[PDB]
Every structure is written in C-alpha cells, then in structure tokens.
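Participant:
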Ligand code: HEM
Ligand code: HEM
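Residue numbers (PDB author numbering), protein chains in the order written: chain F, 5 to 110; chain A, 224 to 335; chain I, 46 to 78; chain K, 15 to 36; chain C, 1 to 379; chain D, 194 to 241; chain J, 1 to 62.
If you want it as structure tokens, here you go:
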C-alpha cells in the first residue's frame with residue numbers, strides 16, 4: 005500500500021547516496037562492493053567494456069584517495085544513473101550457489 | 224642576421240615516463256633513453272663505441288649464450304628477452320639515447 | 046603482426062639468381078626472395 | 015680500475031668515521 | 001638469474017618483503033602504526049635489556065635497584081624513563097592500529113586479525129608485569145587486586161591465584177616470576193609479530209576506499225620506506241617530548257613509594273591503557289560477572305568479523321557507521337576517564353551506562369546500522 | 194627527587210632544535226620521491 | 001656564468017657516493033661541535049647564574 009512512504013524513501017536514499025562520498029570520487033555503487041567469492045565470479049563474467057570501465061574508475065578513485073582530492077562538482081556520479089551492472093551478474097552467481105548448496109542437503 | 228632567429232631553437236629536455244597498459248597484447252615494448260648531444264660532437268662517436276659493447280640481440284641470433292655483450296648473454300641464457308637494441312637518435316638541438324627491449328610480461332624488470 | 050589493409054601491399058617474389066633465399070646469421074636473421 | 019680511487023675514498027670514510035665516531 | 005643479490009641468498013629474498021612488495025597507493029597515515037608498532041617493540045626490548053642489565057628482582061632491592069638505575073648509572077635515567085614512556089607509546093600506537101582495523105574493516109583478513117588479538121593480549125600481559133618490576137606502592141597493590149580478581153573462579157580460582165603468586169601473598173616468589181615472564185614474553189611476541197606479517201603478506205593491505213588496489217599498486221621501497229622513516233621521526237618526537245620534558249606526566253601513578261604491604265591506595269588503578277577494562281569491571285556488582293565482562297571487553301574483538309553486516313568492507317562510504325564508530329571511541333574515552341575516578345555514585349552511574357553503550361555499539365547498534373545503510377543503497 | 198632535572202631539559206633543547214631540522218628535511222625527502230605519483234596524470238583510451 | 005652554489009657543491013662532492021659519504025662523515029663531525037657549542041650557549045644563557053658553571057666562584061680557592 006506504499007504510495008506515500010515508498011515514494012519518499014527515494015528522498016532518504018537520495019540524501020544518503022550523496023552523503024556517502026563515493027559519489028564524489030567518480031565511483032559507482034557497483035564498484036564499491038566487498039570483493040568476495042561470489043562478487044569475484046560475477047566480476048569475471050563482465051564483458052570487456054563493462055569490466056575495463058570498473059578498472060578505470062577504481063584507478064581514478066584510488067588515484068584520488070591517494071591525493072585526498074575530490075573530483076569536480078561537474079564530473080560526479082548522479083544517483084538517477086544507478087548502473088547496477090554487476091547486479092545481473094552477481095545475482096545468478098548467487099543463484100547458482102544457493103542451488104548448489106540446496107542440491108547438497110539430501 | 225634578421226633571419227638569424229634560430230628556426231632550430233633548442234627543444235626542452237624532459238625526463239618523464241608515459242606508460243600505456245594493454246594486457247591484451249602478447250609482448251611488452253619498452254624504450255628507455257637519456258638525453259644526448261646533437262649531431263656534431265666528440266662524445267658522439269665515443270657513445271657509439273659504447274653501444275657497440277651492449278649490442279643488440281634477437282630470438283634468432285646464432286651465438287646466444289656465447290655473445291660477448293653480457294646483456295646479450297644473459298637474455299640468451301635466461302630467456303630474458305625476445306629482442307633488444309641500443310640506439311643513439313641524433314638531432315640538432317637534443318638527442319635520444321638508450322636501449323629498447325621486447326619481452327614477456329614477467330621479464331620487464333630483470334631486463335631493465 | 047602488421048596490418049595489411051591498404052593499397053600498400055607490394056609483396057610478391059621473383060629475383061634473378063636467388064629465389065626464396067632464407068638467411069640465418071650469427072648476428073642478424075631473415076627471409077627474402 | 016676505478017676501484018682504487020673508490021676504495022681509497024671508502025678507506026677514507028671508514029677512517030674518519032672511526033676517528034670521529036669513536 | 002645471476003648476481004641478483006636479493007634472489008641469490010634465499011634468506012635475502014625473504015627480506016624483499018620490505019622492498020618489492022606491492023603496496024596500495026592510496027593509504028591513510030593510519031598505516032604507519034603497524035611499522036611504528038614494531039619499532040616500539042624493538043625499542044622496548046633494547047632499552048629493557050639495558051635496564052635488566054642493572055636491575056635486581058628482589059623485594060629488598062627492586063625499588064633500590066630501579067632507583068640506582070636512575071641515579072648512579074650513566075644515562076640509566078633516560079633509558080629507564082624512555083622505557084616507561086616507551087610503553088605508553090606502544091599502547092597509544094596499539095589502539096591506533098586497531099581503530100583502523102575496525103574502521104576500514106581490515107579484519108576481513110580473518111586469520112591476520114586473529115593473530116592481532118593474540119598480539120594485543122600478549123603485550124597487555126607484558127605491560128602488566130613490568131609495571132610490577134619496580135615494586136612501587138601502585139605496582140604492589142594493583143598486582144594483588146588484579147590477580148585476586150581471578151579468584152572469582154568458583155572451583156579452581158582460589159587454588160589458582162595461589163599458584164600464580166607462588167605463595168599466599170605477593171612476596172619474593174611473585175616478583176621474581178614477573179621479571180622472568182616480562183623478559184621472555186617480548187621475544188615470544190616477536191615470533192608472533194612475524195607470523196602476523198606472514199599471513200598479511202598473502203593478501204596485501206586494504207585502503208580508505210575499501211576496494212582492491214591491485215590495479216593501483218606501488219613498490220614499497222621507493223615510497224613507504226620514506227614514509228615509515230618519517231613516521232618514526234614523528235613517533236620518536238612524541239616519545240622524547242614526553243620523556244625529556246614531561247617524564248611522569250603521562251605516568252599517572254606518582255607512587256614512587258616502596259610498597260608497604262598494609263596501606264591505602266586511595267584510588268588504585270591500572271595505567272591509562274587498562275582503564276577501559278577497569279571501568280568495565282567495576283560496573284558489575286558481582287565479582288565473577290565483572291571478570292567475565294572484563295575478559296569480554298577485550299575478547300569481543302575476535303567476533304567483530306562475524307558481526308560485519310555490510311557489503312562495503314569500508315566504513316568510509318558509510319556515514320551512520322562512522323558516527324557510531326566515533327561514539328564508541330569517545331565512549332572508550334569516557335571509560336578511561338572513569339578509571340581514575342573515585343568509586344562513587346556519579347562515576348558509578350556514568351560508568352554503568354558507558355559499559356552498556358560500549359557493548360551496544362559493538363554488539364547491536366553497528367550491525368543494525370550496517371543493514372540499514374545497505375538497504376538505503378538498495379544493495 | 195630528580196637529580197636529572199637539568200641535564201634532561203638541556204637535552205630537550207638539543208632534541209627540539211635537531212627535530213626542527215629533521216622533520217622539515219625528511220618531509221622534503223618524502224615529497225621528493227612521492228612527487229612522481231602526486232604529479233601523475235591519467236588517460237583512458239578504449240578502442241571502443 | 002658560474003654554477004649555482006648547489007651545482008658547485010654537487011659536482012665537487014655528490015657525483016661520487018664515495019665523496020658523498022666522506023662529506024657526510026666530516027659534516028657529521030663539524031656539525032656536532034657547532035650545534036653543541038651554539039645550543040649549549042643558548043641553554044646556559046636562559047639560566048644565567050642558575051647553574052654551578054656560573055656559581056663555582058663563591059667557594060673556590062679562597
Ligand atoms: C616488549 C614489551 C614490553 C613492554 C610493554 C614493557 C613495559 C614495561 C613497563 C610498563 C615497565 C615498568 C617501568 C616503570 O614504570 O617503572 C617495564 C619495566 C622493565 N622492563 Fe619492560 N617492557 C617490555 C619489554 C621488555 C623487555 C624485552 C625487557 C628485557 C628483555 C624488559 C625489561 C624490563 C625491566 C628489567 C624492567 C624493570 C625496571 C624498570 O622499571 O624500568 N621489558 N617494562
Ligand atoms: C605487536 C603488535 C603488532 C605488531 C608488531 C603489528 C605489526 C603490523 C604491521 C607491520 C602491519 C603492516 C602495516 C599496517 O598494516 O599498518 C600490520 C597490519 C595489520 N595488523 Fe598488526 N601489528 C600488531 C598488532 C596488531 C593488533 C593488536 C591487531 C588487531 C587486533 C592487528 C591487526 C592488523 C591488521 C588487520 C593488519 C592489516 C590491515 C591492512 O593493512 O589491511 N595488528 N600489523
């Protein structure tokens with residue numbers, strides 16, 4: 005029955021998004037996950053463009069964290085553009101795992 | 224003399240690097256050089272005799288390990304490189320002088 | 046490998062005495078015609 | 015070759031070092 | 001290979017761990033504490049051996065021997081003070097190392113962290129015994145109070161406490177034991193430190209961002225050797241500023257009074273490094289409940305890993321986490337304040353709430369905040 | 194109580210001056226080397 | 001033209017590390033002595049007549 009409440013989370017979400025500074029660093033959510041076993045496989049399934057692109061952005065952002073400088077206001081990731089490009093890839097990875105776990109009960 | 228304004232004005236010497244990574248390529252190309260003299264200079268034949276010593280080597284050189292240039296000998300013996308070559312790039316106002324080597328991704332540092 | 050896309054092609058083999066002459070030298074090495 | 019010269023400065027250094035240091 | 005010094009001797013290759021090791025580029029200045037942590041331990045050792053070279057481990061002499069060290073022995077005065085203040089620095093550093101594990105989630109290195117806790121508890125044993133060494137009023141009563149705390153254990157405790165002391169009080173036997181334990185502990189520690197290094201060398205360092213930096217690595221030698229050296233300069237500056245111009249400042253305990261086995265430590269307390277635990281301890285009425293919750297303050301650390309809730313091993317991009325992280329640090333500050341406080345109402349009620357806060361922050365608040373942040377990001 | 198009171202404070206003087214020469218020097222050394230990295234600039238050029 | 005003080009210093013003493021060390025050995029010596037002499041003086045100025053050095057006169061040789 006979410007019309008008021010779940011059309012307003014976008015506001016805390018939006019507030020939160022830019023609150024976490026990765027925003028500023030040129031980075032995108034997908035590029036911030038913890039690199040574990042599922043995430044790895046997922047990353048290994050990324051097409052060359054998608055994947056070279058994450059490499060550049062972490063290469064840009066770590067560059068910046070080294071120098072403690074934030075990117076220009078002009079050049080910052082905008083919440084409206086949430087490329088959850090890993091999500092697709094990540095999901096199955098997980099999906100395949102859970103199955104593999106489940107098939108292993110009896 | 225109003226022509227005298229050198230059209231051949233020195234070019235400023237800069238010790239930088241430009242690294243352009245492409246793990247999609249099989250071998251590695253490195254050109255390392257320090258700045259040298261122009262075309263005309265006593266030091267400039269002496270340099271050549273010094274590059275004579277280092278030499279220049281290829282996958283196909285018949286003498287590999289018995290080459291006399293210890294650089295050659297070492298890449299021959301230890302499969303350190305595919306092909307290397309010293310050069311002295313003579314220009315008016317400046318130069319480029321050093322080696323250039325091609326090798327595996329796991330060999331760059333020993334070659335250097 | 047060197048890209049062979051344009052008009053530039055001009056390789057075809059036929060010399061006087063020597064034909065398909067391959068050399069292996071102690072220093073240099075190659076393949077001519 | 016250049017070793018004598020260099021060994022000579024290296025010998026100097028150890029000397030003055032002891033002398034002073036010690 | 002030929003005549004590549006480093007790989008030639010096998011032993012010398014093992015040292016390239018400090019030169020040719022891939023080191024993250026981006027990297028707060030809170031990464032020098034590790035290296036400082038290790039200079040500390042060498043500093044103590046050195047200094048220590050020297051003190052041990054003129055110190056006597058007996059009830060009659062100990063205080064005298066200390067006192068002789070800082071009067072008739074040449075430069076025996078700085079060495080000793082340097083040694084005492086050293087141990088404040090070693091702890092100061094210690095807590096910086098951990099604060100960072102906590103914050104950037106370095107403890108994702110399951111195995112490396114574990115050894116860290118082991119290390120951390122192993123320095124604590126050493127600092128607890130050495131303080132006893134001089135045999136001052138403070139040392140004599142705190143050693144009694146703390147080891148007797150152990151007698152809270154129901155079936156054994158009592159027998160135990162007596163075996164530790166090697167008698168029914170803390171006379172010779174006890175004192176001689178601490179000396180020996182103090183001595184060898186740090187050598188045992190150094191093996192551990194090195195095993196610690198060993199496990200970390202398999203995965204590398206983490207960073208502010210909290211993302212892999214293999215795409216961005218840097219040779220340790222060129223950079224980080226300079227950084228470490230500079231950090232050591234800053235480290236040594238703090239130690240000497242404190243040693244040379246504020247000798248006991250930090251050493252709260254003024255008790256330079258040989259210990260008379262029947263007297264009154266108005267307000268007896270471990271040094272700064274242990275106040276948190278102390279506070280924690282008083283908050284419980286029952287003495288066994290206090291010991292367990294004294295043990296848990298410190299051991300809690302071994303579960304952090306299993307409390308991690310987010311998808312971002314880096315608190316850096318997570319604001320609610322940052323806020324509680326800091327709180328707990330200030331809570332922790334607050335707890336150290338209680339440590340020097342009289343036993344009374346005001347401090348009791350405060351300390352009580354601060355203990356609760358402290359386990360809440362580590363046990364329940366943070367973890368929730370983790371999920372919340374993850375939901376906000378739609379993760 | 195503290196015999197070493199005077200030596201100590203003289204030492205503090207020499208440790209402060211010295212450290213006022215080494216902290217600024219060694220910081221320099223640190224920027225000397227690092228400069229390579231901090232001055233560095235990137236460029237990304239896919240075939241794409 | 002002449003070499004900047006640095007360049008002079010450079011080509012005389014730093015090119016060869018053997019010379020560079022030597023330098024350092026000798027400067028470590030010279031520097032100790034001025035530092036101490038200066039630094040000591042400085043210190044002793046701040047506590048004029050406070051230190052025995054200043055006060056040995058009262059009970060010395062009559
Ligand atoms: C490595 C961890 C160490 C820590 C945390 C540590 C800490 C301490 C502390 C806090 C004291 C009390 C001194 C005072 O406040 O009067 C002390 C004393 C002493 N320590 Fe250490 N120390 C360490 C290592 C060593 C080592 C390796 C040795 C010798 C091998 C050593 C030998 C001594 C001796 C003989 C004393 C007694 C004289 C004195 O009070 O200075 N310690 N230590
Ligand atoms: C004797 C005490 C210790 C010594 C000598 C020591 C030494 C070091 C050194 C040299 C480093 C590498 C540089 C750095 O990461 O800062 C390091 C990293 C680390 N230490 Fe320790 N440490 C000690 C105590 C601890 C403690 C008490 C913990 C946690 C309880 C700990 C956990 C870690 C972790 C998690 C890392 C790696 C984090 C990362 O760089 O990603 N260490 N330690």
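For each residue, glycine too, the CB sits at the ideal point set by N, CA and C.
Let me see if you follow: with CB-CB separation under 8 Å, is residue 378 of chain C close to chain F or not?
Facilitator: Yes, residue 378 of chain C lies at the interface with chain F (some Cβ there is under 8 Å from its Cβ).
Participant: Does the beta-carbon of residue 55 of chain C, which I'm using as the reference point, lie nearer than 7 Å to any heavy atom of ligand 1?
Facilitator: Residue 55 of chain C: yes, Cβ under 7 Å from ligand 1.
Participant: Which one of A/284, A/316, A/330 has the shortest CA to CA distance from residue 232 of chain A?
Facilitator: The residue with the shortest Cα to Cα distance from residue 232 of chain A is A/316.
Participant: Is the Cβ-Cβ distance between residue 192 of chain C and residue 119 of chain C less than 8 Å?
Facilitator: Yes. Within cutoff.
Participant: Since residue 205 of chain C contacts residue 31 of chain C with CB under 8 Å, what's their CB separation in whole angstroms?
Facilitator: About 6 Å separates the two Cβ atoms, so the contact holds.
Participant: Looking at the unbroken beta strand (DSSP E) that takes in residue 106 of chain C, where does it start and where does it end?
Facilitator: No beta strand (DSSP E) contains residue 106 of chain C, which DSSP labels as neither H nor E.
Participant: Using the C-alpha atoms, what's the distance from residue 249 of chain A back to residue 8 of chain C?
Facilitator: If you take the alpha carbons of residue 8 of chain C and residue 249 of chain A, they lie about 29 Å apart.
Participant: For residue 101 of chain F, I'd like the list of residues in its chain whose CB is within less than 7 Å of its CB, leaving aside the five on either flank, ordered along the chain.
Facilitator: Excluding residues within five positions, the ones whose Cβ falls inside 7 Å are 42.
Participant: In whole angstroms, what separates the C-alpha of residue 359 of chain C from that of residue 297 of chain C?
Facilitator: Spanning the two alpha carbons is a distance of roughly 8 Å.
Participant: How about residue 193 of chain C: is its Cβ closer than 7 Å to a heavy atom in ligand 2?
Facilitator: Because some heavy atom of ligand 2 lies under 7 Å away, the Cβ of residue 193 of chain C counts as near it: yes.
Participant: What residue from C/171, C/157, C/84 has the CA that sits closest to residue 60 of chain C's CA?
Facilitator: If we check each option's Cα against that of residue 60 of chain C, C/171 comes out closest.
Participant: Is any non-hydrogen atom of ligand 1 found closer than 7 Å to the C-beta of residue 137 of chain C, if you look at the structure I gave you?
Facilitator: No, the Cβ of residue 137 of chain C stays beyond 7 Å of every heavy atom of ligand 1.
Participant: Cα separation between residue 90 of chain C and residue 378 of chain C?
Facilitator: Answer to the nearest angstrom: the Cα atoms are 42 Å apart.
Participant: Cβ of residue 332 of chain C within 8 Å of Cβ of residue 276 of chain C?
Facilitator: Yes, the Cβ-Cβ distance between residue 332 of chain C and residue 276 of chain C is below 8 Å.
Participant: Heavy atom of ligand 2 less than 7 Å from the Cβ of residue 83 of chain C, yes or no?
Facilitator: Every heavy atom of ligand 2 is 7 Å or more from the Cβ of residue 83 of chain C, so no.
Participant: Going by the CB atoms, is the gap between residue 109 of chain C and residue 200 of chain C shorter than 8 Å?
Facilitator: Result yes, Cβ atoms of residue 200 of chain C and residue 109 of chain C sit closer than 8 Å.
Participant: Could you pull out every residue in the same chain whose Cβ sits closer than 6 Å to the Cβ of residue 287 of chain C, ignoring the five residues on either side in sequence?
Facilitator: Contacts found: 152.
Participant: Using a C-beta to C-beta distance shorter than 8 Å, which residues of chain J count as neighbours of residue 36 of chain K?
Facilitator: Within chain J, no residue comes near residue 36 of chain K; the closest Cβ sits about 12 Å away, beyond 8 Å.
Participant: Out of curiosity, what's the CA-to-CA distance linking residue 269 of chain A and residue 291 of chain A?
Facilitator: Taking the straight line from one Cα to the other gives about 19 Å.
Participant: Roughly how many whole angstroms lie between the Cα atoms of residue 92 of chain C and residue 52 of chain F?
Facilitator: Distance between the alpha carbons of residue 92 of chain C and residue 52 of chain F: 47 Å.
Participant: Near residue 307 of chain C, what residues of its chain come up, given a Cβ to Cβ distance below 8 Å and the 5 sequence neighbours on each side ignored?
Facilitator: Within the same chain, residue 307 of chain C has close Cβ partners 362, 363, 366, 367.
Participant: At a cut-off of 7 Å, is residue 183 of chain C close to ligand 1 when judged by its beta-carbon and the heavy atoms of the ligand?
Facilitator: Yes, ligand 1 has a heavy atom inside 7 Å of this Cβ.
Participant: So residue 215 of chain D contacts chain C; which residues on that side make the cut at Cβ distance below 8 Å?
Facilitator: Ordered by position in chain C, the residues that pass the 8 Å Cβ test against residue 215 of chain D are 233.
Participant: Based on Cα-Cα distance, which residue from F/69, F/82, F/56 lies nearest to residue 245 of chain A?
Facilitator: When only C-alpha atoms are compared, the closest one is F/56.
Participant: Using a C-beta cutoff of 8 Å, does residue 196 of chain D count as contacting chain C?
Facilitator: Yes, its Cβ sits closer than 8 Å to a Cβ of chain C.
Participant: Compare the C-alpha of residue 302 of chain A against each of A/327, A/319, A/235 and name the closest.
Facilitator: Closest option to residue 302 of chain A, Cα to Cα, is A/327.
Participant: Would you call the CB atoms of residue 139 of chain C and residue 132 of chain C closer than 8 Å?
Facilitator: Contact flag set, yes.
Participant: Is any heavy atom of ligand 2 found at a distance shorter than 7 Å from the C-beta of residue 310 of chain A?
Facilitator: The answer is no for residue 310 of chain A.
Participant: So what does residue 252 of chain A bridge to, in DSSP terms?
Facilitator: Partner(s): A/325.
Participant: I'd like to know whether the C-beta atoms of residue 221 of chain C and residue 19 of chain C end up nearer to each other than 8 Å.
Facilitator: Yes, they are a contact pair.
Participant: Hey, out of D/236, D/232, D/225, whose CA is closest to residue 73 of chain F's CA?
Facilitator: Out of D/236, D/232, D/225, D/232 has the C-alpha closest to the C-alpha of residue 73 of chain F.
Participant: I want to verify the contact list: residues of chain J whose CB lies under 7 Å from the CB of residue 238 of chain D, in sequence order.
Facilitator: Neighbours of residue 238 of chain D on chain J: none; closest Cβ ~40 Å, over 7 Å.
Participant: By alpha-carbon positions, which one of C/72, C/231, C/256 ends up nearest to residue 134 of chain C?
Facilitator: Comparing Cα-Cα distances from residue 134 of chain C to each of C/72, C/231, C/256, the minimum goes to C/256.
Participant: Does DSSP put residue 58 of chain I in a helix, a strand or coil?
Facilitator: The answer is coil: DSSP assigns residue 58 of chain I none of H, G, I, E or B.
Participant: For chain A, find out if any of its Cβ atoms is closer than 8 Å to the Cβ of residue 49 of chain I; answer yes or no.
Facilitator: No, because no Cβ of chain A sits closer than 8 Å to the Cβ of residue 49 of chain I.
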